[PDB]
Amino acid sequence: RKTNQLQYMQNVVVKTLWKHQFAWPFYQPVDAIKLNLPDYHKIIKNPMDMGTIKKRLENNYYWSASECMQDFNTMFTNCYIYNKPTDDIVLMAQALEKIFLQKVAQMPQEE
């Protein structure tokens, strides 16, 4: 069984974000070839995406919830590093990130 907090990351945070209309670009690792993203892996050192986060939760990978939160922070920040303020993907990430913050502020205590 996962920690209370990791269950919350899976059943509240990921479940909510996955269903959001803007989440789909984040469902799998950025494929820099398919997306024609020059030098993506030269500038983004630690790729992350919500499909990987969801798999890590399903597959019992994390030891504690802060590791999962760090993966979300990496995912969002990578989007901002690579893209300029007016890009649609930045607006999409910003909406998801606000929800992420609102939800992790309500993370439960372990008991």
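By rigid core we mean the largest C-alpha set that fits within 1.5 Å across both forms. Note that residue numbering follows the sequence shown and begins at 1.
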- Note on the structure: Quick note, superposing on core in 7 other deposited structures of this protein and taking C-alpha RMS, the more shifted stretch of 35-43 and 22-30 is 35-43
- More variable segment, 101-109 or 4-12 [Cα RMS over structures in 7 other deposited structures of this protein, core-superposed]: 101-109
- Message: When the Cα temperature factors in the entry are averaged, is it 79-87 or 32-40 that ends up higher?
- Response: 32-40
- Assigned third (lowest, middle, highest) for the C-alpha B factor of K98: middle
- Comparing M92 with the other modelled residues of its chain, is its CA B-factor in the lowest, middle or highest third? highest
- Message: Can you tell me whether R56 has a C-alpha B-factor in the lowest, middle or highest third compared with the other modelled residues of the same chain?
- Response: lowest
